[PDB]
Protein chains: 2
Amino acid sequence: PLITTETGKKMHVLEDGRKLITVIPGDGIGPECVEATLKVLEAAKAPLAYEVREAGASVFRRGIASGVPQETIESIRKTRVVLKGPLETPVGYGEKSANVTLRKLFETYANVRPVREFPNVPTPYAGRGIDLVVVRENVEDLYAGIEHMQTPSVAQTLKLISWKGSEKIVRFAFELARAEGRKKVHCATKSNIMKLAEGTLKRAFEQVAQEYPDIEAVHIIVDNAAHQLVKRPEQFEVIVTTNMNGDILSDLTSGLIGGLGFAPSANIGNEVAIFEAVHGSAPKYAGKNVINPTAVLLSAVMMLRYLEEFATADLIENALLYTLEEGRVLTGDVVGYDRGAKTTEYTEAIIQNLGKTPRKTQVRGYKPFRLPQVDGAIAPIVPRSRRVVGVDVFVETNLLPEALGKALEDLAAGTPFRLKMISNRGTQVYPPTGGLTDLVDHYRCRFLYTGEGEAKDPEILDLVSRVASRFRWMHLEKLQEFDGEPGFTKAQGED
Amino acid sequence: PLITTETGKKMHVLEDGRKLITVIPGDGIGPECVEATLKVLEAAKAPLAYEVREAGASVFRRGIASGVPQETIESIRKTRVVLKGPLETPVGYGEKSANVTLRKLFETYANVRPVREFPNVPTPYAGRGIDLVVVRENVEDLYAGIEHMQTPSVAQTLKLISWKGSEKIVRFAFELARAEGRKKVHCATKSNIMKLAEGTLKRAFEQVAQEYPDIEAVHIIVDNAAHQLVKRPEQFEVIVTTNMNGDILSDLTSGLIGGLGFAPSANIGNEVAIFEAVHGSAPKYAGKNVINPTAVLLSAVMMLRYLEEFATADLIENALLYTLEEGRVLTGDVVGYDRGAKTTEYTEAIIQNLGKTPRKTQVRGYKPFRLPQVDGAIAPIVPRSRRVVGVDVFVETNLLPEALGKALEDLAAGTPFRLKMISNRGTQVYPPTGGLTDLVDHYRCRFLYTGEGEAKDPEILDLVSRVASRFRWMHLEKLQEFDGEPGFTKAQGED
Ligand SMILES: NC(=O)c1ccc[n+]([C@@H]2O[C@H](COP(=O)([O-])OP(=O)(O)OC[C@H]3O[C@@H](n4cnc5c(N)ncnc54)[C@H](OP(=O)(O)O)[C@@H]3O)[C@@H](O)[C@H]2O)c1
Ligand SMILES: NC(=O)c1ccc[n+]([C@@H]2O[C@H](COP(=O)([O-])OP(=O)(O)OC[C@H]3O[C@@H](n4cnc5c(N)ncnc54)[C@H](OP(=O)(O)O)[C@@H]3O)[C@@H](O)[C@H]2O)c1
């Protein structure tokens with residue numbers, strides 16, 4: 001049956017004591033990396049039972065667009081613990097990422113990506129003591145993939161950041177820092193540009209920080225953060241950032257200690273945990289028996305510790321590290337593909353080293369920590385007052401700014417709305433600015449309410465119908481104020 | 001008077017042959033870096049006339065929210081050439097970036113950020129021959145700053161990518177490659193997740209590439225790209241990417257050769273050119289005469305060559321390089337702020353070296369190239385057919401998915417629309433998926449047209465008014481098909 005440990009984690013413990021997990025082979029190199037891992041697990045006599053289910057490209061090919069079949073959802077709800085190989089996501093077309101789907105379907109909001117130097121895995125940073133962890137928000141931001149072609153030639157993607165999601169991820173980061181003996185957490189954002197969206201993470205970071213006076217909270221702008229991560233990565237311990245930023249920074253850090261073949265990760269939520277490598281399906285290596293399975297193996301190790309199977313975790317992790325320390329069986333990504341050991345040979349070596357322990361690089365098994373509960377989360381605040389002050393109407397037209405401006409002022413005449421300004425790609429173009437801005441066939445037209453109280457729905461739709469009598473609109477955004485503060489930004493160049 | 005050179009570039013040439021430029025001191029370290037640069041210029045007898053104007057924080061403090069005063073716009077329209085120090089943008093609140101405003105006001109669509117190893121500027125990558133250039137799209141994507149609080153606790157930023165802007169940036173990259181003798185261009189995108197937005201750059205890249213058979217065009221996913229830039233940066237020559245991706249990758253590359261103190265840049269457009277360092281106003285070093293002015297100096301050098309003042313550019317750049325080669329006067333970012341030379345001393349040393357022989361005469365290899373014209377650009381295609389097939393209605397509510405679904409189906413009864421599904425943060429929650437997705441108070445409700453032809457505006461507004469009779473909507477998106485293909489995506493978990 002499924003049980004809840006004292007740490008609050010959910011896991012399926014079989015009568016014989018073994019823990020049942022869902023295993024997803026994946027696409028490309030996936031199966032090879034997972035196959036290798038399962039062999040090492042069995043050799044180490046890991047107390048596990050396996051429910052193999054599919055996800056990714058193989059499922060897209062069955063005509064299931066989400067790439068996550070019902071049997072796999074059923075299995076994950078049964079086990080609450082998953083070890084998956086990479087899943088292939090078509091580039092530029094096709095189905096949405098099944099990797100993102102798994103995380104969002106099961107609220108595994110935290111993506112933990114630790115990086116450390118490895119024995120006989122040389123990098124220009126060897127000896128600097130790089131030991132940091134990137135805590136990537138895992139379920140919102142841009143990667144949700146909510147897109148709409150505003151016009152035939154203008155595409156739009158929504159970036160959504162919530163207080164709820166930001167509060168969760170920053171709290172997780174602090175708890176993680178406090179659980180690994182780290183006394184500092186960096187929050188990387190682009191809040192100087194996205195004051196509302198990225199600023200939500202910055203503000204959640206600052207408010208939750210007050211509860212962890214034992215940890216130093218430092219905010220850093222994401223670009224300078226990338227620069228610092230390359231120039232002096234040893235200054236970082238824990239870095240928490242939004243989904244997209246985290247995707248790039250975590251891959252940046254992996255290149256500091258050997259590459260993606262050595263980057264494991266854990267997708268953690270309160271109800272489910274998904275362990276997988278940070279790397280992809282890597283189609284050019286699939287089936288060639290040359291791929292490095294270290295990343296997936298180390299992920300299984302993270303899974304073992306999560307499962308409280310610390311002994312097996314140390315055993316497997318020691319074997320791997322011992323194998324690296326000796327430096328006799330190294331994969332192509334470390335010694336070139338003209339010399340690199342085969343995947344199966346690498347596996348066999350590690351297995352042959354089960355029971356052996358490295359002298360230098362050893363297992364740094366931190367202490368488990370209870371995940372923050374919803375009842376202790378900082379709930380979003382309900383404004384004391386709020387009002388709809390206008391509406392942004394997006395239109396598709398090639399009419400020049402000045403003419404569009406006069407046309408809309410005429411259409412709004414008689415309504416309780418006035419055209420305040422018009423922007424193109426976010427740049428004010430009406431009133432004119434004296435600039436030389438090039439224009440696309442998409443314009444955002446800001447109308448402000450001029451009456452008493454607030455703009456009511458009927459009035460807004462009436463304004464939109466008037467605009468529609470001549471122009472094609474495709475996107476509407478209400479402009480609201482919450483506690484006297486506008487819940488929207490000005491255009492670039494707008495005074 | 002303002003003239004057009006035989007290369008297409010516009011510059012203000014005075015009666016005496018001097019080229020008039022607009023100079024913006026900036027904020028924080030800005031003034032110090034600019035001040036120094038001007039000193040070196042005057043010493044090198046650069047044939048320039050300066051029109052000093054302000055932008056940035058000092059202007060925000062005058063109550064001009066755009067941070068770009070009219071006199072500065074007037075000056076830029078007059079000179080078409082600008083040398084600016086960094087500008088401070090408030091973090092998480094306040095005014096929008098004046099740096100982004102200048103670029104968008106004057107359509108300086110390409111941000112060229114060259115990176116190379118410098119003498120006596122130690123990095124773990126020294127000797128690997130890193131010599132690449134990031135071509136960052138400069139006027140669209142997320143950095144436009146178009147934001148709306150969908151609900152009091154859910155923020156939204158629009159990511160807009162146009163065919164026009166993407167076509168221009170990739171063509172620029174190819175021309176730049178062909179002009180610097182580079183035989184390869186990498187296009188980094190996240191097209192696997194954002195098939196419409198990021199995919200626009202990918203598709204523009206591939207179609208424009210057909211015009212440059214002499215150049216090898218390679219697409220790479222942005223995350224793997226960061227990994228590769230850290231693991232093996234010497235493989236890259238030219239990298240072209242969207243605005244935000246480029247912001248991060250360019251700073252990542254700067255940390256490979258000395259840090260932001262050595263990263264110059266050029267904001268290029270057809271009508272205007274703005275030269276500035278990649279770094280910011282760096283408030284903690286402001287006024288302490290310790291900041292490294294190299295980045296701004298080299299930007300002035302890029303400016304000089306733009307102005308066709310090649311002799312002065314070589315003179316100044318050789319002096320700088322000679323100074324670094326001698327390694328007698330190095331700034332704090334190179335040898336530590338405990339032994340680093342003062343900004344004024346570093347400057348003095350360079351001026352003293354005006355005329356020396358840099359042993360490794362690595363005056364960068366550059367060849368002027370004509371900017372692509374609009375008449376030669378691939379225009380966006382006008383669909384043969386198009387139709388509105390539905391509407392996405394975003395509502396603010398905490399009513400559970402199941403009940404929200406039933407409520408909306410009831411409201412749509414009688415209309416030529418049906419509720420297809422409902423998502424939360426991009427994840428399908430209605431119909432139920434069997435997942436354990438956490439919900440925020442923002443839901444996207446997809447309605448599909450069920451009649452013949454297409455959904456007309458009056459019918460759409462009628463549906464919205466019915467939804468409004470019970471729920472608060474704040475965001476509408478029409479769903480359109482162009483040439484038989486949906487101009488929108490499915491939700492995560494939606495089959
Ligand atoms: N969580 C996931 O399941 C996940 C994460 C990322 C990408 N993907 C998917 O993967 C497909 C390919 O994407 P991609 O080519 O950009 O990236 P990728 O699969 O991570 O491959 C990029 C490069 O990383 C190196 N690498 C990755 N895994 C390695 C391993 N196990 N051992 C040794 N080297 C390894 C290789 O470098 P060299 O080429 O330099 O040898 C490789 O070509 C897509 O559909 C993508 O969406 C899935
Ligand atoms: N184009 C622009 O005008 C521009 C570009 C970026 C940021 N900004 C603005 O700048 C303000 C501060 O932002 P930030 O602190 O994130 O970044 P930043 O000003 O670039 O400073 C980050 C770090 O870069 C190093 N650095 C930058 N310029 C340097 C130079 N000339 N010489 C030596 N080292 C240098 C320093 O590293 P250490 O601390 O390690 O010494 C510095 O603290 C904000 O308002 C931001 O929006 C403006």
Side-chain angles (χ1 to χ4, degrees), chain A residues 65-66 73 89 91-92 101 104-105 107 124 140 143-144 146-149 152-155 157 159 161-164 191-192 194 196-197 199-200 202 223 226-227 230-231 247-248 251-252 255 259 271 380 426-427 434-436 438 440 457 461 468 474 476-478 482 487-489 492-493 495, chain B residues 65-66 73 89 91-92 101 104-105 107 124 140 144 146-149 152-155 157 159 161-163 191-194 196-197 199-200 202 223 226-227 230-231 247-248 251-252 255 259 271 380 425-427 434-436 438 440 457 461 468 474 476-478 482 487-489 492-493 495:
Chain A
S66 70
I73 292 179
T89 302
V91 185
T101 291
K104 292 175 68 58
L105 279 177
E107 198 65 33
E140 40 183 55
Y143 289 21
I146 305 176
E147 301 188 295
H148 296 85
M149 289 303 295
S153 62
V154 176
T157 305
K159 171 188 173 85
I161 297 297
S162 68
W163 172 266
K164 200 172 181 180
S191 296
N192 53 333
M194 285 163 278
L196 302 191
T200 290
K202 177 176 182 293
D223 49 358
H227 152 254
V230 180
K231 186 180 80 170
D247 179 51
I248 301 176
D251 278 49
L252 175 172
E271 283 286 64
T427 309
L436 300 168
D438 189 14
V440 295
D457 283 325
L461 301 184
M474 87 298 294
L476 299 188
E477 294 282 352
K478 279 188 187 172
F482 303 125
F488 53 91
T489 55
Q492 298 278 339
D495 284 328
Chain B
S66 68
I73 297 183
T89 303
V91 185
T101 291
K104 291 177 119 307
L105 277 177
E107 198 66 31
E140 42 183 53
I146 306 175
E147 301 187 293
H148 298 81
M149 291 301 296
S153 60
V154 176
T157 307
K159 172 188 172 91
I161 298 296
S162 68
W163 173 265
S191 293
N192 49 338
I193 297 305
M194 286 162 277
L196 302 191
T200 288
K202 180 174 184 295
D223 49 358
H227 151 240
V230 177
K231 187 182 78 170
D247 176 49
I248 301 175
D251 269 37
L252 173 170
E271 301 285 344
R425 291 192 298 174
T427 309
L436 296 166
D438 191 18
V440 293
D457 280 321
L461 299 182
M474 88 287 299
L476 298 190
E477 293 283 351
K478 272 181 187 174
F482 302 122
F488 54 90
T489 53
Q492 297 279 345
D495 288 317

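All chains are named by letter (A, B, ...) in the order of the sequence lines, taking the proteins before the strands, and each is independently numbered beginning at 1. All values below come from the heavy atoms of this structure, side chains included, with hydrogens, waters and symmetry mates left out.
- Heavy-atom distances place both the backbone and the side chain of B:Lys104 under 4.5 Å from chain A.
- In this structure, chain B has heavy atoms under 4.5 Å from both the backbone and the side chain of A:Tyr143.
- In this model, a donor atom of one side chain and an acceptor atom of the other lie less than 3.5 Å apart for A:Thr101 and B:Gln492.
- Considering only heavy-atom pairs separated by less than 4.5 Å from chain A, the leading option among B:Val440, B:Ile193, B:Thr89, B:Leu196 is B:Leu196.
- Under a 3.5 Å cut-off, the side chain of A:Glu147 and the backbone N or O of B:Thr489 do not form any donor-acceptor pair.
- A donor-acceptor pair under 3.5 Å is absent between the side-chain atoms of B:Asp251 and the main chain of A:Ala226, judged by distance alone.
- A distance of 4.5 Å separates CG in B:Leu476 from CG in A:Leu476, rounded to the nearest 0.5 Å.
- With values rounded to the nearest 0.5 angstrom, A:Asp247 atom CG is found 4.5 Å from B:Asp223 atom CG.
- Looking only at heavy-atom pairs under 4.5 Å with chain A, the residue among B:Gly487, B:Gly199, B:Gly426 that has the most is B:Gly487.
- With 3.5 Å as the limit, one finds no donor-acceptor pair spanning the side chains of B:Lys159 and A:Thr157.
- Between B:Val154 and A:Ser162, the shortest heavy-atom contact is CG2-CB, 4.0 Å.
- Proximity of a side-chain donor or acceptor of A:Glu107 to a complementary backbone N or O of B:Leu436 within less than 3.5 Å is not detected.
- Of the two parts of B:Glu477, the backbone and the side chain both hold a non-hydrogen atom closer than 4.5 Å to a non-hydrogen atom of chain A.
- Between atom CG of residue B:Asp457 and atom CG of residue A:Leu461 there is a gap of 11.5 Å, rounded to the nearest 0.5 Å.
- Between chain A and the options B:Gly434, B:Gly259, B:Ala65, heavy-atom pairs under 4.5 Å are most frequent for B:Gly434.
- The heavy-atom pair separating A:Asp495 from B:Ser66 by the smallest distance is OD1-OG, 2.6 Å.
- Atom CD1 in A:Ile248 sits 14.5 Å away from atom NE2 in B:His227 (nearest 0.5 Å).
- Atom CD1 of A:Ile146 sits about 12.0 Å away from atom CE of B:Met194, to the nearest 0.5 Å.
- At a 4.5 Å heavy-atom cutoff, the contact between A:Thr200 and chain B is made by side-chain atoms alone.
- Contacts with chain B were tallied for A:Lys202, A:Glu271, A:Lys164, A:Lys231; A:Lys164 has the most, counting heavy-atom pairs under 4.5 Å.
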*Steps toward side chain to side chain contact (heavy atoms under 4.5 Å, CB included) verdict (B:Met149, A:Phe488)*: CA-CA 6 Å; B:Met149 291 301 296; A:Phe488 53 91; over 6 Å; no
